[PDB]
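A lone chain, given as structure tokens: the form deposited in one PDB entry.
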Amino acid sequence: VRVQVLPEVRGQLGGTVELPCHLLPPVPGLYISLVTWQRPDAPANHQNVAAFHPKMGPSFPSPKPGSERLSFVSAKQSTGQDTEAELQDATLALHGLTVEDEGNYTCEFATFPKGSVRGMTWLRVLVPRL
């Protein structure tokens, strides 16, 4: 399997943009245990900016950019023993873009039995007249 991400994503300052991330192709028997979004160049307490659990849903441990400006676009947690969670589309959305949001974002899938599969995307924040 592989992580499909764009090498670069461009968004307007103060606007909203999406960071695509997919675990392709669908493989029967491959279980996604966790999705982790990281800013690997931000300090240790600020790296883990978003995570998604198949049962408990999303979390945003780092205050920067924090939950106020981050959201999962299509990740759906499980709804009991009937419906299985859908974490293959780990696309992350940033709202109210600031110049502090420019840089590298990593999208990692903690998969069983394959392991950790990760891709990286650089977010470019476009400043008006700049």
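All residue numbers refer to positions in the sequence shown, first residue = 1. We call the rigid core whatever largest set of C-alpha positions still superposes within 1.5 Å between the two forms.
(message) Could you find out if residue 81 - modelled in this structure - is missing from at least a third of the other PDB entries compared that contain residues on either side?
(response) Affirmative; at least a third of those entries omit residue 81.
(request) Between 111-119 and 21-29, point out the one with the higher average CA B-factor as the PDB entry records it. (result) Looking at the record's C-alpha B-factors, the answer is 21-29.
(request) Read off the CA B-factors in the entry, average them over 101-109 and over 72-80, and name the higher stretch. (result) It is 72-80.
(request) Would you mind checking where the Cα B-factor of residue 59 ranks among the modelled residues of its chain, as the lowest, middle or highest third? (result) According to the entry, residue 59 has a C-alpha B-factor in the chain's lowest third.
(message) Using the temperature factors of the C-alpha atoms in this entry, rank residue 42 within its chain: lowest, middle or highest third.
(response) According to the entry, residue 42 has a C-alpha B-factor in the chain's lowest third.
(request) Give the position of residue 92 by CA B-factor within its chain, expressed as the lowest, middle or highest third. (result) According to the entry, residue 92 has a C-alpha B-factor in the chain's middle third.
Below: the form deposited in another entry, not depicted.
(request) Have a look at 95, 53, 76, 46 and give me the residue whose C-alpha moves 2 Å or more between this form and the one not shown, with the fit done on the rigid core. (result) It is 46; the other listed residues stay below 2 Å.
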